[PDB]
Protein chains: 2
Amino acid sequence: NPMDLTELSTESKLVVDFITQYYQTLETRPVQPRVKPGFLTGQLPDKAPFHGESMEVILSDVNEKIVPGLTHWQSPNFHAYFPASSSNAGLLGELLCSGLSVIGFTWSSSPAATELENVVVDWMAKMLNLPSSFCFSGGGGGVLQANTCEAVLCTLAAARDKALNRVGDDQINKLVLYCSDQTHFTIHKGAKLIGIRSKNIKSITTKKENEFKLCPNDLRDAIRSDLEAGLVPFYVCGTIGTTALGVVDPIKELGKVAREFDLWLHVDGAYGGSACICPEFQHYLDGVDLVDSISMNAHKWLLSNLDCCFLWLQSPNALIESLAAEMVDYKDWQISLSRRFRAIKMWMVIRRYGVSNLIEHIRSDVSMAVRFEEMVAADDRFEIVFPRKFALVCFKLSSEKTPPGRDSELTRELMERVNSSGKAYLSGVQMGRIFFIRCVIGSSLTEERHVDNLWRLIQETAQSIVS
Amino acid sequence: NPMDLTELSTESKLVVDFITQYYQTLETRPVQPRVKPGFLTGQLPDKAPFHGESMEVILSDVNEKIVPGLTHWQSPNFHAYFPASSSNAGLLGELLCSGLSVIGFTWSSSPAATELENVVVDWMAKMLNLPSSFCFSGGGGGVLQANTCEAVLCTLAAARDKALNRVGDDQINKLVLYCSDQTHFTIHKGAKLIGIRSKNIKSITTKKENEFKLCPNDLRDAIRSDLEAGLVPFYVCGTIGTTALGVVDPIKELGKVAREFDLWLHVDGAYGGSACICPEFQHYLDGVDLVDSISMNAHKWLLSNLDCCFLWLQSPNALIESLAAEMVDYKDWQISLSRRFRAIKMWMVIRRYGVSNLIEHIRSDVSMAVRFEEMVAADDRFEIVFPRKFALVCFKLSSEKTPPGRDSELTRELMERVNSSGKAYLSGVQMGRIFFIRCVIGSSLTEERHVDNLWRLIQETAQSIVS
């Protein structure tokens, strides 16, 4: 019997206790493992079992054979990449969503699911303080997705088809997209996906003078240069909080540029967007009225676990018309027919914790990053490569207190020895000539003590090699 | 505190008990609701709460305000669309995956996650008895996705880029895709997504003579007709178990056709693919050696809840080369960087139940559909419009025992009155001139009694209008 209810409630507690013990381990568990390729592949049978096995033997096999070979994103010692903010409400909302197992591709196939997605989308829109034109009650509207690439693909398709409907159906080889050299690779990936040619995905270089922002004058000059070449610009992507540096592009200026040439402006909210529920960061959303579309990942700061990605349009019919084949049918809003009930999990998280708790959780992470930055700045052995705007601190070894020419390779070795120690996991990028470490505060379990321990470990490892 | 562990275990039991009571309701709950647009939208607050609320008040609000406005896919009275096979192991594996919250886009960011995806992919490949060329140990390999449209998009991109690398970079406007008129709309959707022009997505009509299969001779003639027009065929999609009728396309013949013109052959396993773990249905996979790619939805019959979609390639480098920007990095295998740990849930389900239980669950659903077909065939008031191959029975009112010309509209009214009664939910499609009802056995909760009740209700409703 596959749906035995007493067995269901029996094994549910087993799995929940497994998860709680995993969580309590993470203060000790080495974050990133050191294992050999094929360790698990050779350790597991070649074919599937004919018969079944109990739940607790499965869970034991999990905790001994798969857990050690995991990178523990939830560890309070994990400060690399970008957080997978997890909470009790997010986990239990995942469980409830999967228990309902309602797949609502149209309003008729689950009215409540679509209406609850509507209200959650509008809730978040006013939490971020967008104009009415992005709300369902203001003309536009939004949708939940799984990743930012689904939303980016949807906007790219809508923009491409709007352009082609204006200039001609067989003109796809002339469409030109613009983004900065800091834009997430997902933009180039999606542009290549929707048939844009490789030469026409222009990454405009950014300069340290402009804080690596995408300058609108270079955008305008590139646009008219390619227009004099007989090609059709159609898409521009600005970013709030880039991956490597956390750059915020000048949204309003690029909005005026995109309006002047009637280009589709999309805003990758990405990492910084979630933080914009706070009044301090809301200014990073000015010019949003000139924006065609905005996407943002809630699983990067809003404690929803994985996964959930909001996407808001001022003219949603521009998207529905691109993918279709009053009452909302989300079949025409994204890639596939099959959708999950993510709205119930976002609703769960929000009503369980409150805008208050969410605001202050973001503020606590940002404050911890402020303190980490203040600690780096007090050490002449180190250097901020770019001022922090959120919970992202980018730093490296000082060149004055390292041998000539090897400050970057010694920064890389510092990061490697820290990660190999197992006591923490930091990210790091090679921006041409320089290498720098990213420390991202956001692992939910992380408190002040963990940031203090991380800074002390970075210092102790630096003294171990520097001079 | 967002990660309070004692509060986590306290509220987990609340949510689990909520789910178990929901499940036990489904024998009584009217499957499809009758509600007005805006019922939930007006019933919920305009903005998000500043403060939080308890878990049980949330769950009460769920069971009173959202559950009644749901279409209960998990009800044993639900036989429309295609099942969302759910089990205890699938639900608890969803919970465990979300609890681990490990996001592994590369082997380095979670070796165990990638290796376990590898072994699960290979397990399923040998469960379906594919050639070695689709296994990681045979040259090719596979990947887990969320939907069939992600897999279809990946294969379409790989095929398009292979073609363009052969014929020219600026030739996208000449690429031609072929599918039948029974193919799922996701194929046309993805073809439009990757920049194929609308005229070049050719739906070749199928004839009732060929059981609506895609005849390979018409495929060949269309190919050489478009080749004499100076266009580049590049993609052909065959289907095992179509949505409306459950058609199986002649895989091997289309394989030889696609080999002759070096076209990319993709197989939408879709609905029938999952059933192919059974030896009786494995014959529906012959010619699979000539196939470039195969996708199949495990959440349609393999009891994994939602969602999980296997995709196997004979040459995975053809996909990696299309989306990239030994040890496997699934970042280059699909649409986005962010991936979930679906492998752990599939592993959970398989090792908990067994290939034995899975085979026999498929066989029990197929047997129930056999019995439903036998019941329809014994009633002169009804008629099978297409012979059943899986758990899909397509039937309608007999034209001999209805007034001239209105057998189809009376079949539609029959379906409408049954669905409106709330005692069951059946699907129905208008194939040009005829209308017929689809009954799909697969709601997990469904036993023999429910099929008997459904047949009696269909008969009682038919006598209520027929003569």
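Residues numbered from 1 in each chain as written, not as in the entry; some residues may be left out. Chains lettered and ligands numbered in written order. Heavy atoms only, no water.

Looking at the method and resolution fields of the entry, one finds X-ray crystallography and 2.60008608017 Å.

The PDB entry annotates chain A as 4-hydroxyphenylacetaldehyde synthase of Rhodiola rosea. The header of this PDB entry states its title as "Crystal structure of Rhodiola rosea 4-hydroxyphenylacetaldehyde synthase". Quoted straight from UniProt, the Function entry for chain A says "Catalyzes the production of 4-hydroxyphenylacetaldehyde (HPAA) directly from L-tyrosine, tyramine not being formed as an intermediate." (UniProt positions renumbered as here; feature names shortened; annotations may be inferred.)

## Here we look at the pairing of strand β6 (residues 264–268) of chain A
All names here are of chain A. Among the five residues of β6, five are classified as buried, and the element is accordingly described as predominantly covered. Every second residue of β6 is oriented toward a common face, with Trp264, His266 and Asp268 on one face and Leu265 and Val267 on the other, all of them buried. Pairing between strand β5 (residues 232–239) and β6: five bridges, direction parallel. For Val236, the partnering residue across the bridge sits in β6 and is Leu265. Handedness of the crossover joining β5 and β6 through helix α8 (residues 251–260): right-handed. Relative to strand β7 (residues 293–297), β6 is paired through three bridges, and the arrangement is parallel. Counterpart to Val267 in the pairing with β7 is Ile294. (Buried < 20%, exposed > 50% of the residue type's maximum accessible area, 1.4 Å probe, protein only. Helix = DSSP H or I, 4+ residues; strand = E, 2+ residues; numbered from the N terminus. Pairing = 2+ DSSP bridges. Right-handed = clockwise from strand over helix to strand, strands pointing away.)

## As for empty space enclosed by the protein
Size it by volume and the largest cavity reaches roughly 250 Å³. The wall of the largest cavity is formed by 21 residues, among which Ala146(A), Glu150(A), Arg342(A), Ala146(B) and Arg342(B) lie closest to the centre. Of the residues in the lining of the largest cavity, the class split is two nonpolar, nine polar and 10 charged. Approximately 140 Å³ is the volume attributed to the second largest cavity. Around the second largest cavity, the lining comprises 16 residues; the ones closest to its centre are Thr148(B), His184(B), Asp268(B), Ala270(B) and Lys300(B). The class makeup of the residues in the lining of the second largest cavity is three nonpolar, 11 polar and two charged. (1 Å grid on protein atoms, 1.4 Å probe; cavity = no way out; pocket = protein on both sides within 12 Å on 5 of 7 lines; lining within 4 Å. Points joined across faces, edges and corners; volume = space filled by probe spheres on them. Nonpolar A, V, L, I, M, F, W, Y, C, P; charged D, E, K, R; others polar.)

## Focus: the pattern of salt bridges
Residues and elements named next belong to chain B. A complete count under the given rule lists 64 salt bridges over all chains for this structure. In this structure, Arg363 engages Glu280 in a salt bridge whose closest nitrogen and oxygen atoms are separated by 2.5 Å. Owing to a relative accessible area of 30%, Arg363 belongs among the partly exposed residues under this scheme. By relative accessible area, which is 31% here, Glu280 ends up partly exposed. (Salt bridge = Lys/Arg side-chain N within 4 Å of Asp/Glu carboxyl O.)

## Structural notes on the side chain of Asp307(B)
Residues and elements named next belong to chain B. Residue position: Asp307 is located in the loop between β7 (293–297) and β8 (309–313). Given a relative accessible area of 6%, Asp307 falls into the buried group. Separated by 2.7 Å, the side chains of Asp307 and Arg342 make a polar contact. (Polar contact = N/O pair within 3.5 Å; in protein donor to acceptor, adjacent residues only side chain to side chain.)

## Side note on the sheet that holds strand β12 (residues 434–440) of chain B
The strands making up a sheet are joined through hydrogen bonds of the backbone, oriented either antiparallel or parallel. Residue and element names in this part refer to chain B. The strand order across the open sheet formed by five strands is β1-β11-β12-β10-β9, and the pairing between neighbours is mixed. The strands lining the two open edges of the sheet, one partner per strand, are β1 (78–79) and β9 (382–386). Note: strand β10 (residues 392–397) against β12, four bridges, orientation antiparallel. Opposite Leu392, over in β12, you have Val440 as the bridge partner. This element, helix α13 (residues 407–421), spans β9, β10, β11 (425–431) and β12 of the sheet and lies at about 35 degrees to β12. Across the face of the sheet, helix α14 (residues 448–463) comes into contact with β1, β9, β10, β11 and β12 while running at roughly 120 degrees to β9. (Contact = heavy atoms within 4.5 Å. Axes fitted to C-alpha atoms, helices over the stretch in contact; angles between N-to-C directions.)

## A word on the packing of aromatic side chains
Counted under the stated rule, the structure contains 44 aromatic pairs over all chains. Each ring, one from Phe281(A) and one from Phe390(A), has its centre 5.9 Å from the other, and the planes form 50 degrees; the classification is tilted. We classify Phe390(A) as buried; its relative accessible area is 1%. Each ring, one from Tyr81(B) and one from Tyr425(B), has its centre 5.9 Å from the other, and the planes form 75 degrees; the classification is edge-to-face. Residue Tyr81(B) is classed as partly exposed on the basis of its relative accessible area, which comes to 24%. Here the aromatic cluster, defined as three or more aromatic residues joined through ring pairs, consists of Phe82(A), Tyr271(A), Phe281(A), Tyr284(A), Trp301(A) and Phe390(A). (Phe/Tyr/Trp six-rings, centres within 6.5 Å; stacked < 30°, edge-to-face > 60°.)

## Some thoughts on the relation of the copies chain B and chain A
Taken as rigid bodies, chain B and chain A are interconverted by a rotation of 180 degrees and an axial shift of 0.0 Å, the fit giving an RMSD of 0.0 Å. A rotation of that kind, with that shift, is consistent with a two-fold axis. Take the interface residues of chain B: 100% of them recur as interface residues in chain A, which is what a same-surface contact looks like. (Least-squares fit on C-alpha atoms.)

## Re the sheet that holds strand β12 (residues 434–440) of chain A
All names here are of chain A. Strands sit in the order β1-β11-β12-β10-β9 across an open sheet of five strands; the sheet is mixed. The two strands at the open ends of the sheet, each matched to only one other strand, are β1 (78–79) and β9 (382–386). Along the sheet, helix α12 (residues 342–377) makes contact with β9, β10 (392–397) and β12, crossing β10 at roughly 15 degrees. Together, β9, β10, β11 (425–431) and β12 form the strand contacts of helix α13 (residues 407–421), whose direction differs from that of β12 by roughly 35 degrees.

## A look at the packing of helix α3 (residues 88–100) of chain A against helix α3 (residues 88–100) of chain B
Where α3(A) contacts α3(B), the axes come no closer than 9 Å and their chain directions differ by 155 degrees. When the interaxial angle is binned, α3(A) and α3(B) end up roughly antiparallel. Crossing geometry of α3(A) relative to α3(B) is assigned as right-handed. Contact residues: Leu91(A), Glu94(A), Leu95(A), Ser98(A) and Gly99(A) in α3(A); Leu91(B), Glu94(B), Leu95(B), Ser98(B) and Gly99(B) in α3(B). (Parallel < 35°, antiparallel > 145°, perpendicular 65-115°, else oblique. Left-handed = near helix turned anticlockwise from the far one by under 90°.)

## Structural notes on the state of the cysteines
Residue and element names in this part refer to chain B. On inspection of all chains with the given rule, the structure shows zero disulfides over all chains. Residue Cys154 stays outside any disulfide, its sulfur separated by 9.4 Å from that of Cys309, the closest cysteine. With a relative accessible area of 1%, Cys154 lands in the buried category. The thiol of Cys439 is unpaired, and the distance to the nearest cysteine sulfur, on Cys394, comes to 9.5 Å. (Disulfide = S-S within 2.5 Å.)

## With respect to the interface of chain B and chain A
Across the contact, 128 residues belong to chain B and 128 residues belong to chain A. For the pairing of chain B and chain A, the buried interface totals around 12,000 Å² over both sides, and the portion due to carbon and sulfur atoms is 63%. Linking chain B with chain A are 14 salt bridges, by the criterion used here. With a closest N to O distance of 3.0 Å, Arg351(B) and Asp61(A) form a salt bridge. Where chain B packs against chain A, one counts 76 residue pairs in polar contact. When residues of the side of chain B that touches chain A are traced back to their parent elements, those giving at least two are α1 (5–25), α2 (55–65), α3, α4 (111–127), α5 (148–167), α6 (185–193), α11 (317–323) and α12 (342–377) of chain B. Among the elements that make up the side of chain B that touches chain A, the one with the highest residue count is α1(B) (15 residues). A class-by-class count of the residues in the side of chain B that touches chain A yields 66 nonpolar, 34 polar and 28 charged. (Buried area = accessible area lost by both parts, 1.4 Å probe.)

## What to know about the packing of helix α1 (residues 5–25) of chain A against helix α2 (residues 55–65) of chain A
All names here are of chain A. It is the contact of α1 with α2, at a shortest axis distance of 10 Å, that shows an interaxial angle of 15 degrees. In this view, α1 runs roughly parallel relative to α2, as classed from their interaxial angle. Here α1 runs over α2; the crossing is right-handed. Where α1 abuts α2, its residues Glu11, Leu14, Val15 and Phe18 lie against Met55, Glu56, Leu59, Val62 and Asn63. Its residues assigned to classes, the contact of α1 with α2 shows six nonpolar, one polar and two charged.

## Re the environment of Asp307(B)
Along the backbone, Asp307(B) and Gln145(B) are 162 residues apart, and their C-alpha atoms lie at a distance of 8.2 Å. In contact with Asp307(B), other than residues within four places in its own chain, are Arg340(A), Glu94(B), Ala146(B), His299(B), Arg342(B) and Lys345(B).

## Observations regarding α8(A)
Residue and element names in this part refer to chain A. Taken as a whole, α8 has its buried residues at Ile251, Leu254, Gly255, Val257 and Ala258. Each buried residue of α8 sits inside an arc of 165 degrees when the element is viewed along its axis, so together they form one side. In this structure, the buried side of α8 is in contact with α7 (216–228) and β6. (Arc of directions from axis to C-beta.)

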